[PDB]
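Next comes final20.tsv, with TSV, C-alpha atoms and all ligand atoms.
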```tsv
chain	number	residue	atom	x	y	z
A	1	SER	CA	-4.29	13.30	8.25
A	2	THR	CA	-2.24	11.17	5.87
A	3	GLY	CA	-0.09	8.05	5.97
A	4	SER	CA	2.62	6.64	3.71
A	5	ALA	CA	4.30	3.23	3.88
A	6	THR	CA	6.67	1.30	1.68
A	7	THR	CA	5.50	-2.04	0.32
A	8	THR	CA	8.08	-4.68	-0.61
A	9	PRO	CA	7.93	-7.85	-2.73
A	10	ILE	CA	8.14	-11.01	-0.61
A	11	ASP	CA	10.36	-12.78	-3.16
A	12	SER	CA	12.11	-12.43	-6.52
A	13	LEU	CA	8.89	-13.06	-8.46
A	14	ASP	CA	6.73	-10.39	-6.80
A	15	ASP	CA	4.39	-13.14	-5.56
A	16	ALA	CA	2.96	-10.71	-3.03
A	17	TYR	CA	3.87	-7.47	-1.28
A	18	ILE	CA	4.26	-6.80	2.44
A	19	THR	CA	3.86	-3.52	4.27
A	20	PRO	CA	4.83	-2.91	7.91
A	21	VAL	CA	1.91	-2.15	10.24
A	22	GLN	CA	2.10	-1.10	13.90
A	23	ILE	CA	-0.44	-2.77	16.19
A	24	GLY	CA	-0.93	-2.11	19.90
A	25	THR	CA	0.88	-0.31	22.68
A	26	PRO	CA	3.83	-0.55	22.74
A	27	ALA	CA	3.81	-1.07	18.99
A	28	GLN	CA	4.07	-4.57	17.59
A	29	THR	CA	5.16	-4.36	13.95
A	30	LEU	CA	3.80	-7.04	11.62
A	31	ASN	CA	4.32	-7.27	7.86
A	32	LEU	CA	0.88	-7.48	6.30
A	33	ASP	CA	-0.37	-8.18	2.79
A	34	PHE	CA	-2.55	-5.21	1.83
A	35	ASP	CA	-5.46	-6.75	-0.03
A	36	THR	CA	-7.96	-4.62	-1.96
A	37	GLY	CA	-9.90	-7.85	-2.69
A	38	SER	CA	-10.95	-8.58	0.91
A	39	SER	CA	-12.05	-6.72	4.02
A	40	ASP	CA	-10.56	-8.42	7.10
A	41	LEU	CA	-7.44	-7.29	8.96
A	42	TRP	CA	-6.18	-10.55	10.42
A	43	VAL	CA	-2.88	-11.54	11.95
A	44	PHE	CA	-0.84	-14.46	13.13
A	45	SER	CA	-0.98	-14.27	16.91
A	46	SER	CA	-0.16	-15.79	20.27
A	47	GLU	CA	-3.48	-17.65	19.82
A	48	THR	CA	-2.52	-19.31	16.53
A	49	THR	CA	-2.15	-23.11	16.76
A	50	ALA	CA	1.58	-23.58	17.37
A	51	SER	CA	2.07	-26.16	14.61
A	52	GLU	CA	0.62	-23.66	12.12
A	53	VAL	CA	3.20	-20.95	12.86
A	54	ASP	CA	6.50	-21.22	10.98
A	55	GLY	CA	8.60	-18.07	11.15
A	56	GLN	CA	5.87	-15.41	11.13
A	57	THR	CA	5.88	-12.52	13.56
A	58	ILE	CA	2.91	-12.80	15.90
A	59	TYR	CA	0.61	-10.26	17.55
A	60	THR	CA	0.31	-10.86	21.31
A	61	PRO	CA	-2.73	-8.92	22.53
A	62	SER	CA	-1.94	-9.62	26.20
A	63	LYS	CA	1.18	-7.45	25.77
A	64	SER	CA	-0.77	-4.48	24.40
A	65	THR	CA	-2.19	-2.07	26.95
A	66	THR	CA	-4.72	-0.82	24.38
A	67	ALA	CA	-6.01	-4.23	23.24
A	68	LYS	CA	-9.54	-5.20	24.22
A	69	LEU	CA	-11.32	-8.47	23.45
A	70	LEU	CA	-14.31	-7.88	21.19
A	71	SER	CA	-16.49	-10.16	23.25
A	72	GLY	CA	-18.21	-12.99	21.36
A	73	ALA	CA	-16.84	-11.94	17.99
A	74	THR	CA	-15.41	-14.55	15.62
A	75	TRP	CA	-14.26	-14.52	12.01
A	76	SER	CA	-13.61	-17.05	9.28
A	77	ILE	CA	-12.49	-16.43	5.72
A	78	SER	CA	-11.61	-18.46	2.68
A	79	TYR	CA	-9.89	-17.07	-0.37
A	80	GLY	CA	-10.06	-17.94	-4.06
A	81	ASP	CA	-6.84	-19.98	-3.91
A	82	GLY	CA	-8.50	-22.28	-1.39
A	83	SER	CA	-6.59	-20.89	1.59
A	84	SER	CA	-8.35	-19.95	4.81
A	85	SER	CA	-8.01	-18.67	8.36
A	86	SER	CA	-10.26	-18.04	11.35
A	87	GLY	CA	-10.26	-16.90	14.97
A	88	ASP	CA	-11.44	-14.27	17.44
A	89	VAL	CA	-11.21	-10.48	17.53
A	90	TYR	CA	-9.59	-7.68	19.49
A	91	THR	CA	-9.83	-3.94	19.03
A	92	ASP	CA	-6.53	-2.10	19.22
A	93	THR	CA	-4.61	0.86	17.86
A	94	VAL	CA	-3.32	0.29	14.33
A	95	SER	CA	-0.95	2.62	12.46
A	96	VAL	CA	0.24	2.57	8.87
A	97	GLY	CA	3.00	4.86	7.79
A	98	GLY	CA	2.09	7.48	10.40
A	99	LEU	CA	-1.73	7.24	10.11
A	100	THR	CA	-3.42	5.93	13.27
A	101	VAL	CA	-6.82	4.35	13.87
A	102	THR	CA	-7.89	3.66	17.43
A	103	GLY	CA	-10.35	0.83	18.04
A	104	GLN	CA	-9.54	-1.01	14.81
A	105	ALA	CA	-10.77	-4.60	14.68
A	106	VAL	CA	-7.71	-6.85	14.66
A	107	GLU	CA	-8.72	-10.39	13.86
A	108	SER	CA	-6.49	-12.84	15.69
A	109	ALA	CA	-5.97	-16.17	13.96
A	110	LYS	CA	-6.55	-19.35	15.90
A	111	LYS	CA	-6.23	-21.44	12.71
A	112	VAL	CA	-4.58	-20.81	9.36
A	113	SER	CA	-4.34	-23.11	6.33
A	114	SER	CA	-1.09	-24.61	5.08
A	115	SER	CA	-0.34	-21.97	2.44
A	116	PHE	CA	-0.27	-19.27	5.12
A	117	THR	CA	1.92	-21.37	7.41
A	118	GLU	CA	4.31	-22.05	4.55
A	119	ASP	CA	4.77	-18.36	3.78
A	120	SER	CA	7.04	-17.12	6.53
A	121	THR	CA	7.12	-13.57	5.13
A	122	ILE	CA	3.39	-12.73	5.51
A	123	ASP	CA	2.23	-12.06	9.06
A	124	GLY	CA	-1.39	-11.43	8.07
A	125	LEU	CA	-3.64	-9.50	5.71
A	126	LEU	CA	-5.00	-5.95	5.77
A	127	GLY	CA	-8.20	-5.83	3.76
A	128	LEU	CA	-9.01	-2.74	1.71
A	129	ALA	CA	-12.16	-3.79	-0.16
A	130	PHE	CA	-15.55	-2.53	1.09
A	131	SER	CA	-16.53	-3.28	4.67
A	132	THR	CA	-19.63	-5.15	3.50
A	133	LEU	CA	-17.30	-8.13	2.85
A	134	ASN	CA	-15.93	-8.22	6.40
A	135	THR	CA	-16.46	-11.66	7.96
A	136	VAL	CA	-16.70	-10.79	11.66
A	137	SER	CA	-19.80	-12.18	13.34
A	138	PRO	CA	-22.18	-11.29	14.90
A	139	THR	CA	-21.16	-7.63	14.45
A	140	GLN	CA	-19.47	-6.88	11.14
A	141	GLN	CA	-16.37	-4.67	11.41
A	142	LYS	CA	-14.93	-1.85	9.32
A	143	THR	CA	-11.68	-1.87	7.37
A	144	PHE	CA	-8.72	0.27	8.33
A	145	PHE	CA	-9.48	2.58	5.41
A	146	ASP	CA	-13.18	2.88	6.29
A	147	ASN	CA	-12.24	3.80	9.88
A	148	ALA	CA	-9.59	6.31	8.76
A	149	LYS	CA	-11.54	7.84	5.89
A	150	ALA	CA	-13.27	10.74	7.60
A	151	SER	CA	-9.98	11.90	9.17
A	152	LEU	CA	-7.97	11.79	5.95
A	153	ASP	CA	-7.19	14.96	4.01
A	154	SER	CA	-8.92	13.29	1.02
A	155	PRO	CA	-10.88	10.00	1.26
A	156	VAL	CA	-8.47	8.01	-0.88
A	157	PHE	CA	-5.60	5.60	-0.85
A	158	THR	CA	-3.14	4.83	-3.64
A	159	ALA	CA	-1.19	1.75	-4.65
A	160	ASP	CA	2.14	2.18	-6.41
A	161	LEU	CA	3.54	-1.33	-6.61
A	162	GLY	CA	7.03	-1.96	-7.94
A	163	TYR	CA	8.31	-4.49	-10.42
A	164	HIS	CA	11.00	-6.47	-8.60
A	165	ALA	CA	11.36	-3.40	-6.34
A	166	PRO	CA	9.65	-1.65	-3.44
A	167	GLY	CA	6.69	0.67	-3.89
A	168	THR	CA	4.30	2.74	-1.83
A	169	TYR	CA	0.84	2.77	-0.27
A	170	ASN	CA	-0.38	6.29	0.54
A	171	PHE	CA	-3.48	7.22	2.50
A	172	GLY	CA	-5.23	10.56	2.25
A	173	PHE	CA	-3.34	12.21	-0.61
A	174	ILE	CA	-2.29	11.72	-4.23
A	175	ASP	CA	1.47	12.08	-4.80
A	176	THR	CA	1.56	13.98	-8.08
A	177	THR	CA	5.27	13.20	-8.52
A	178	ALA	CA	4.61	9.43	-8.60
A	179	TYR	CA	3.12	9.10	-12.10
A	180	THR	CA	3.43	10.43	-15.63
A	181	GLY	CA	0.67	12.17	-17.57
A	182	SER	CA	-2.79	12.28	-16.01
A	183	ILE	CA	-4.89	9.95	-13.89
A	184	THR	CA	-7.90	8.53	-15.71
A	185	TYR	CA	-10.81	7.87	-13.40
A	186	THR	CA	-13.40	5.19	-14.09
A	187	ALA	CA	-16.66	4.13	-12.42
A	188	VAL	CA	-16.82	1.54	-9.67
A	189	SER	CA	-19.61	-0.83	-8.70
A	190	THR	CA	-19.58	-1.75	-5.03
A	191	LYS	CA	-22.42	-4.26	-5.42
A	192	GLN	CA	-20.17	-7.30	-4.83
A	193	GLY	CA	-18.05	-5.49	-2.22
A	194	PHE	CA	-15.05	-5.07	-4.52
A	195	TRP	CA	-13.36	-2.24	-6.39
A	196	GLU	CA	-15.12	-3.49	-9.51
A	197	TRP	CA	-14.74	-1.59	-12.77
A	198	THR	CA	-14.93	-2.07	-16.55
A	199	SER	CA	-11.86	-1.96	-18.72
A	200	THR	CA	-12.45	-0.68	-22.25
A	201	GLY	CA	-10.30	-3.26	-24.03
A	202	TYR	CA	-6.84	-4.60	-24.69
A	203	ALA	CA	-3.92	-4.98	-27.07
A	204	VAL	CA	-1.19	-7.60	-27.35
A	205	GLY	CA	2.28	-6.22	-27.99
A	206	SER	CA	2.24	-3.75	-30.89
A	207	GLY	CA	-1.09	-5.12	-32.10
A	208	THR	CA	-4.42	-3.46	-32.81
A	209	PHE	CA	-6.39	-2.36	-29.75
A	210	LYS	CA	-9.60	-4.36	-29.32
A	211	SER	CA	-12.48	-2.35	-27.86
A	212	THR	CA	-14.37	-4.68	-25.57
A	213	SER	CA	-15.83	-4.27	-22.09
A	214	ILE	CA	-14.05	-6.31	-19.43
A	215	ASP	CA	-15.62	-6.20	-15.98
A	216	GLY	CA	-13.16	-7.00	-13.22
A	217	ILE	CA	-11.75	-6.09	-9.84
A	218	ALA	CA	-8.64	-4.18	-8.83
A	219	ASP	CA	-7.06	-6.64	-6.38
A	220	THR	CA	-3.66	-5.98	-4.81
A	221	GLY	CA	-3.88	-9.33	-2.99
A	222	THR	CA	-3.97	-11.41	-6.19
A	223	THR	CA	-0.61	-11.96	-7.89
A	224	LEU	CA	-1.60	-12.44	-11.53
A	225	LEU	CA	-3.88	-10.93	-14.17
A	226	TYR	CA	-6.96	-13.11	-14.75
A	227	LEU	CA	-8.94	-12.29	-17.90
A	228	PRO	CA	-11.47	-13.99	-20.19
A	229	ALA	CA	-10.23	-17.07	-22.02
A	230	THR	CA	-10.58	-15.36	-25.40
A	231	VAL	CA	-8.27	-12.50	-24.35
A	232	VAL	CA	-5.76	-14.82	-22.71
A	233	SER	CA	-5.60	-17.10	-25.77
A	234	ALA	CA	-4.98	-14.09	-28.00
A	235	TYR	CA	-2.04	-13.08	-25.81
A	236	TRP	CA	-0.35	-16.49	-25.55
A	237	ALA	CA	-0.85	-17.21	-29.26
A	238	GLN	CA	1.89	-14.60	-29.82
A	239	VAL	CA	4.44	-16.58	-27.79
A	240	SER	CA	6.07	-19.51	-29.60
A	241	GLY	CA	5.56	-22.72	-27.70
A	242	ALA	CA	3.13	-21.34	-25.12
A	243	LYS	CA	0.25	-23.59	-24.15
A	244	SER	CA	-2.35	-24.14	-21.46
A	245	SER	CA	-1.29	-27.00	-19.25
A	246	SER	CA	-3.98	-28.77	-17.28
A	247	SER	CA	-1.36	-30.51	-15.14
A	248	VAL	CA	0.43	-27.28	-14.18
A	249	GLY	CA	-2.82	-25.28	-13.91
A	250	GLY	CA	-2.51	-22.59	-16.55
A	251	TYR	CA	-0.52	-21.18	-19.42
A	252	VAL	CA	3.16	-22.00	-19.52
A	253	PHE	CA	5.77	-20.83	-21.99
A	254	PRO	CA	9.37	-21.58	-22.86
A	255	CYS	CA	11.73	-19.77	-20.53
A	256	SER	CA	13.74	-18.88	-23.67
A	257	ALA	CA	10.89	-16.64	-24.91
A	258	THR	CA	10.75	-12.86	-24.99
A	259	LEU	CA	7.19	-11.92	-23.98
A	260	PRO	CA	5.10	-9.23	-25.65
A	261	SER	CA	3.59	-6.43	-23.63
A	262	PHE	CA	-0.11	-6.34	-22.77
A	263	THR	CA	-2.15	-3.15	-22.85
A	264	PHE	CA	-5.44	-2.61	-21.04
A	265	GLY	CA	-7.88	0.26	-21.49
A	266	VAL	CA	-9.06	2.65	-18.81
A	267	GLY	CA	-11.63	4.82	-20.50
A	268	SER	CA	-9.85	6.35	-23.48
A	269	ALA	CA	-6.44	5.86	-21.79
A	270	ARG	CA	-4.09	2.88	-21.95
A	271	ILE	CA	-1.90	1.13	-19.39
A	272	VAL	CA	0.96	-0.92	-20.83
A	273	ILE	CA	2.23	-3.94	-18.92
A	274	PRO	CA	5.78	-4.70	-20.11
A	275	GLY	CA	6.37	-8.27	-21.24
A	276	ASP	CA	8.86	-8.91	-18.43
A	277	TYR	CA	6.09	-8.36	-15.87
A	278	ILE	CA	4.28	-11.40	-17.28
A	279	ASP	CA	7.16	-13.83	-16.52
A	280	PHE	CA	6.69	-15.83	-13.30
A	281	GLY	CA	9.68	-18.04	-13.85
A	282	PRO	CA	10.24	-21.79	-13.92
A	283	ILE	CA	7.26	-23.91	-12.94
A	284	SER	CA	9.63	-25.86	-10.65
A	285	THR	CA	13.27	-25.26	-9.84
A	286	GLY	CA	15.49	-25.85	-12.85
A	287	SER	CA	12.64	-26.22	-15.35
A	288	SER	CA	12.75	-24.57	-18.75
A	289	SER	CA	8.95	-24.19	-18.69
A	290	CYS	CA	7.89	-20.87	-17.20
A	291	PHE	CA	4.56	-19.86	-15.67
A	292	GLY	CA	2.60	-17.07	-17.32
A	293	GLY	CA	1.43	-13.94	-15.55
A	294	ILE	CA	-1.76	-13.65	-17.60
A	295	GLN	CA	-4.20	-16.51	-16.96
A	296	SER	CA	-7.81	-17.36	-17.67
A	297	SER	CA	-10.51	-16.26	-15.26
A	298	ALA	CA	-12.82	-19.01	-16.52
A	299	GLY	CA	-12.61	-20.95	-13.24
A	300	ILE	CA	-12.94	-17.89	-10.99
A	301	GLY	CA	-16.23	-16.26	-11.94
A	302	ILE	CA	-14.71	-12.78	-12.06
A	303	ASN	CA	-11.86	-11.09	-13.90
A	304	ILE	CA	-9.05	-9.93	-11.63
A	305	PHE	CA	-6.65	-7.08	-12.28
A	306	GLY	CA	-4.06	-8.36	-9.84
A	307	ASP	CA	-0.51	-7.23	-9.18
A	308	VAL	CA	0.72	-7.96	-12.73
A	309	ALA	CA	-1.64	-5.26	-13.99
A	310	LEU	CA	-1.63	-2.91	-11.03
A	311	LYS	CA	2.15	-2.64	-10.73
A	312	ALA	CA	2.25	-1.19	-14.26
A	313	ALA	CA	0.20	1.78	-12.98
A	314	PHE	CA	-0.27	4.32	-10.25
A	315	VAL	CA	-3.70	3.37	-8.90
A	316	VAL	CA	-6.11	5.57	-6.94
A	317	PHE	CA	-8.76	3.94	-4.80
A	318	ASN	CA	-11.15	6.85	-4.35
A	319	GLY	CA	-13.49	6.30	-1.41
A	320	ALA	CA	-15.59	9.41	-1.96
A	321	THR	CA	-19.36	9.13	-1.51
A	322	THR	CA	-19.44	7.67	-5.01
A	323	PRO	CA	-16.26	5.60	-5.20
A	324	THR	CA	-14.11	5.54	-8.33
A	325	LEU	CA	-10.79	4.10	-9.48
A	326	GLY	CA	-7.99	6.06	-11.11
A	327	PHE	CA	-5.11	4.77	-13.23
A	328	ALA	CA	-2.00	6.60	-14.44
A	329	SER	CA	1.06	5.39	-16.28
A	330	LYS	CA	4.35	5.69	-14.44
A	401	LIG	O1	-8.91	-15.07	-3.42
A	401	LIG	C1	-8.57	-14.13	-4.14
A	401	LIG	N1	-7.29	-13.82	-4.35
A	401	LIG	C2	-6.20	-14.48	-3.64
A	401	LIG	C3	-6.28	-14.30	-2.14
A	401	LIG	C4	-5.15	-14.98	-1.39
A	401	LIG	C5	-5.00	-14.12	-0.15
A	401	LIG	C6	-5.38	-12.74	-0.64
A	401	LIG	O2	-6.11	-12.91	-1.86
A	401	LIG	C7	-9.57	-13.24	-4.83
A	401	LIG	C8	-10.50	-14.05	-5.73
A	401	LIG	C9	-11.54	-13.16	-6.41
A	401	LIG	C10	-12.35	-12.39	-5.39
A	401	LIG	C11	-11.44	-11.58	-4.48
A	401	LIG	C12	-10.41	-12.47	-3.80
```
Before anything else, please render the file you have as structure tokens.
Amino acid sequence: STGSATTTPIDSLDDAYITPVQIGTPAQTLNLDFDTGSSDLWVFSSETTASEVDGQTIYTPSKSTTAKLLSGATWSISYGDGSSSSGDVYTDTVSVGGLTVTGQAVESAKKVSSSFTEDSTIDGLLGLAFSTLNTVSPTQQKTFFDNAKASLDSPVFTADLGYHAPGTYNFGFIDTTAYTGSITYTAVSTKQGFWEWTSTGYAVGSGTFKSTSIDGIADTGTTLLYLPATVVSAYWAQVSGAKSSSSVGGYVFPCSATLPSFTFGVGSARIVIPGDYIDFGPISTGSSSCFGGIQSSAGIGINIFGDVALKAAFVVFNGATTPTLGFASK
């Protein structure tokens, strides 16, 4: 089998991407944030505290003839931005772009933190990291991809995120028309539960490529590119007036600037992030200070190749017995 679904920016800055997902019978379509940095499929629901729901579409398990309570199961997750959610668990039929899994764990939120409430466009998350990170207790549950894998034509999914435009998540096949040149595959460590890999270096604009190993994760659920402070300083040093602002919480730059590109290495290959992709706009409405799309990972404990990096590439998440990651230009 295969599946294919379009993923769409939630706003004009590409802060996140949402993909429609069918849950239950009859189908209830929710717009979920596909997140290769976590492993829970959770949704706003009829059980979510009313004051914490503000415009989201909710899953109502009592209206699904295929929903079953997963008795005694609970979940609770907190993300690196300090947001969180928790609740109980149903199994139900879940379909993405034509690909169906029966008995998928659907984690129903009883509580969500303010950031989730405040984002009316995201109805939940669909985790695509390794199932070892799933938070359901006392019986850990599998991701949608892990459940689908064996049935897929090839045990893979691909992320083709757009810049200020829609893109595509495919399951079970590699669309050879979606990228230029070849796909370079690189080794993955699953030891921390992530799609963790080692970039071979970087360049700033037209500058000399620096060979240096950068361990990090491919994370579709993180907006920005988080890299070591040395690398990030080298980038922003090329932008007149750019500086790290403790009050704002990262590098800012004059909105009048034209940003240089940023290149990262994948083996002997190179992915080029255009400068425009690194502009996240005014720090507050009407400001002439703009927020940078490349930020230090110093506070995070891991480097993160988030959407800023991934949307410059066609990315293969290869879930073969020995997982790997592939990157192609596009
Ligand atoms: O919290 C993180 N990113 C943002 C969250 C917000 C909701 C989806 O992702 C990352 C932090 C590094 C480890 C993997 C998760």
Worksheet item: So which one's closest to ligand LIG 401 (chain A), A:200, A:114, A:83, A:158? Using all atoms listed in the file, please.
Response: A:83
Fill in: Contacts of residue 240 in chain A within 8 Å, only C-alpha atoms, excl. fewer than 2 positions in-chain, as a VMD selection string
chain A and resid 237 to 238 242 253 to 254 257
Practice prompt. All residues within 6 Å of ligand LIG 401 (chain A) are required, counting only C-alpha atoms and all ligand atoms; please report them as a ChimeraX atom specification.
Written response: /A:37,79-81,221-222
Include C-alpha atoms and write out the residues we just selected as a short mmCIF file (atom, residue, chain, number, x, y, z; two decimals), keeping the file's coordinate frame.
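Produced file part11.cif, reproduced below:
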```cif
data_model
loop_
_atom_site.label_atom_id
_atom_site.label_comp_id
_atom_site.auth_asym_id
_atom_site.auth_seq_id
_atom_site.Cartn_x
_atom_site.Cartn_y
_atom_site.Cartn_z
CA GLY A 37 -9.90 -7.85 -2.69
CA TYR A 79 -9.89 -17.07 -0.37
CA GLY A 80 -10.06 -17.94 -4.06
CA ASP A 81 -6.84 -19.98 -3.91
CA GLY A 221 -3.88 -9.33 -2.99
CA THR A 222 -3.97 -11.41 -6.19
#
```
Practice prompt. Between A:151, A:113, A:25, A:39, single out the one closest to residue 91 in chain A, counting only C-alpha atoms.
Written response: A:25
Practice prompt. Figure out the distance between CA of residue 298 in chain A and CA of residue 267 in chain A, please, to one decimal in Å.
Written response: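 Separating CA of residue 267 in chain A from CA of residue 298 in chain A is a distance of 24.2 Å.
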Practice prompt. Could you check how far CA of residue 329 in chain A sits from CA of residue 155 in chain A, in Å to one decimal?
Written response: 21.7 Å
Practice prompt. Around the point (-15.1, -12.4, 19.4) in the file's coordinates, collect all residues with an atom within 10 Å, using all atoms listed in the file, and return them as a PyMOL selection string.
Written response: chain A and resi 69-75+87-91+107-108+136-139
Discussion item. With distances taken over all atoms listed in the file, which residue among A:128, A:16, A:23, A:313 lies nearest residue 181 in chain A?
Written reply: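 Comparing A:128, A:16, A:23, A:313 against residue 181 in chain A, the winner is A:313.
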Fill in: Minimum-distance residue to residue 308 in chain A, chosen among A:172, A:241, A:216, A:293 (using all atoms listed in the file)
A:293
Worksheet item: Between CA of residue 115 in chain A and CA of residue 13 in chain A, what is the spacing in Å?
Response: 16.8 Å
Can you list, as a tab-separated table (two decimals) with C-alpha atoms, in the coordinates of the input, every protein, DNA or RNA residue that comes within 10 Å of residue 318 in chain A when you count all atoms listed in the file, leaving out same-chain residues fewer than 6 positions away?
```
chain	number	residue	atom	x	y	z
A	154	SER	CA	-8.92	13.29	1.02
A	155	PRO	CA	-10.88	10.00	1.26
A	156	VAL	CA	-8.47	8.01	-0.88
A	157	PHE	CA	-5.60	5.60	-0.85
A	158	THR	CA	-3.14	4.83	-3.64
A	172	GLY	CA	-5.23	10.56	2.25
A	185	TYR	CA	-10.81	7.87	-13.40
A	188	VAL	CA	-16.82	1.54	-9.67
A	195	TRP	CA	-13.36	-2.24	-6.39
A	324	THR	CA	-14.11	5.54	-8.33
A	325	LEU	CA	-10.79	4.10	-9.48
A	326	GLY	CA	-7.99	6.06	-11.11
```
Discussion item. Measuring between all atoms listed in the file, which one of A:40, A:175, A:279, A:14 shows the shortest distance to residue 131 in chain A?
Written reply: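 Counting all atoms listed in the file, the residue closest to residue 131 in chain A is A:40.
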Discussion item. Measuring between all atoms listed in the file, which one of A:166, A:292, A:282, A:275 shows the shortest distance to residue 263 in chain A?
Written reply: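 Among the listed residues, A:275 lies closest to residue 263 in chain A.
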Worksheet item: What residues have an atom no more than 12 Å from (12.7, -13.0, -4.1) in the file's own frame, counting only C-alpha atoms, and can you write them as a PyMOL selection string?
Response: chain A and resi 8-17+121+163-166+280-281
Convert the current residue selection to file output with C-alpha atoms, as a CSV table (one decimal), keeping the file's coordinate frame.
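Writing done, so here's out_30.csv:
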```
chain,number,residue,atom,x,y,z
A,8,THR,CA,8.1,-4.7,-0.6
A,9,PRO,CA,7.9,-7.8,-2.7
A,10,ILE,CA,8.1,-11.0,-0.6
A,11,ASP,CA,10.4,-12.8,-3.2
A,12,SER,CA,12.1,-12.4,-6.5
A,13,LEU,CA,8.9,-13.1,-8.5
A,14,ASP,CA,6.7,-10.4,-6.8
A,15,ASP,CA,4.4,-13.1,-5.6
A,16,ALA,CA,3.0,-10.7,-3.0
A,17,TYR,CA,3.9,-7.5,-1.3
A,121,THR,CA,7.1,-13.6,5.1
A,163,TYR,CA,8.3,-4.5,-10.4
A,164,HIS,CA,11.0,-6.5,-8.6
A,165,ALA,CA,11.4,-3.4,-6.3
A,166,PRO,CA,9.6,-1.6,-3.4
A,280,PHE,CA,6.7,-15.8,-13.3
A,281,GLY,CA,9.7,-18.0,-13.8
```
Using the block above, I'd like range 136-147 of chain A written out, keeping N, CA, C and O atoms and formatting it as a PDB file, in the first residue's frame.
```pdb
ATOM      1  N   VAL A 136       2.430   6.688  26.030  1.00  0.00           N
ATOM      2  CA  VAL A 136       1.282   6.000  26.613  1.00  0.00           C
ATOM      3  C   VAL A 136       1.728   5.011  27.689  1.00  0.00           C
ATOM      4  O   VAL A 136       2.701   4.272  27.516  1.00  0.00           O
ATOM      5  N   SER A 137       1.008   5.036  28.806  1.00  0.00           N
ATOM      6  CA  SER A 137       1.268   4.188  29.947  1.00  0.00           C
ATOM      7  C   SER A 137      -0.044   3.517  30.355  1.00  0.00           C
ATOM      8  O   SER A 137      -1.083   4.150  30.316  1.00  0.00           O
ATOM      9  N   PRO A 138      -0.003   2.251  30.797  1.00  0.00           N
ATOM     10  CA  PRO A 138       1.179   1.431  31.075  1.00  0.00           C
ATOM     11  C   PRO A 138       1.678   0.620  29.880  1.00  0.00           C
ATOM     12  O   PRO A 138       2.684  -0.090  30.022  1.00  0.00           O
ATOM     13  N   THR A 139       0.990   0.702  28.745  1.00  0.00           N
ATOM     14  CA  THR A 139       1.358  -0.065  27.560  1.00  0.00           C
ATOM     15  C   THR A 139       1.694   0.914  26.442  1.00  0.00           C
ATOM     16  O   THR A 139       0.818   1.577  25.901  1.00  0.00           O
ATOM     17  N   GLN A 140       2.975   1.030  26.126  1.00  0.00           N
ATOM     18  CA  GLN A 140       3.430   1.964  25.110  1.00  0.00           C
ATOM     19  C   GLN A 140       2.826   1.587  23.764  1.00  0.00           C
ATOM     20  O   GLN A 140       2.672   0.398  23.464  1.00  0.00           O
ATOM     21  N   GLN A 141       2.491   2.594  22.961  1.00  0.00           N
ATOM     22  CA  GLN A 141       1.828   2.407  21.676  1.00  0.00           C
ATOM     23  C   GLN A 141       2.734   2.759  20.508  1.00  0.00           C
ATOM     24  O   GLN A 141       3.705   3.492  20.651  1.00  0.00           O
ATOM     25  N   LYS A 142       2.395   2.212  19.349  1.00  0.00           N
ATOM     26  CA  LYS A 142       3.146   2.425  18.120  1.00  0.00           C
ATOM     27  C   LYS A 142       2.651   3.622  17.324  1.00  0.00           C
ATOM     28  O   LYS A 142       1.472   3.951  17.326  1.00  0.00           O
ATOM     29  N   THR A 143       3.568   4.257  16.610  1.00  0.00           N
ATOM     30  CA  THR A 143       3.207   5.348  15.705  1.00  0.00           C
ATOM     31  C   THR A 143       2.425   4.827  14.503  1.00  0.00           C
ATOM     32  O   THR A 143       2.440   3.636  14.171  1.00  0.00           O
ATOM     33  N   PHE A 144       1.772   5.756  13.823  1.00  0.00           N
ATOM     34  CA  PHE A 144       1.071   5.463  12.588  1.00  0.00           C
ATOM     35  C   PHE A 144       1.994   4.803  11.563  1.00  0.00           C
ATOM     36  O   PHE A 144       1.633   3.810  10.928  1.00  0.00           O
ATOM     37  N   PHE A 145       3.203   5.330  11.425  1.00  0.00           N
ATOM     38  CA  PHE A 145       4.165   4.755  10.490  1.00  0.00           C
ATOM     39  C   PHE A 145       4.592   3.348  10.899  1.00  0.00           C
ATOM     40  O   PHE A 145       4.645   2.457  10.070  1.00  0.00           O
ATOM     41  N   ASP A 146       4.873   3.144  12.182  1.00  0.00           N
ATOM     42  CA  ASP A 146       5.274   1.830  12.662  1.00  0.00           C
ATOM     43  C   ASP A 146       4.153   0.814  12.393  1.00  0.00           C
ATOM     44  O   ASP A 146       4.413  -0.296  11.946  1.00  0.00           O
ATOM     45  N   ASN A 147       2.901   1.202  12.618  1.00  0.00           N
ATOM     46  CA  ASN A 147       1.783   0.294  12.362  1.00  0.00           C
ATOM     47  C   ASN A 147       1.590   0.008  10.874  1.00  0.00           C
ATOM     48  O   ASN A 147       1.246  -1.101  10.492  1.00  0.00           O
TER      49      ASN A 147
END
```
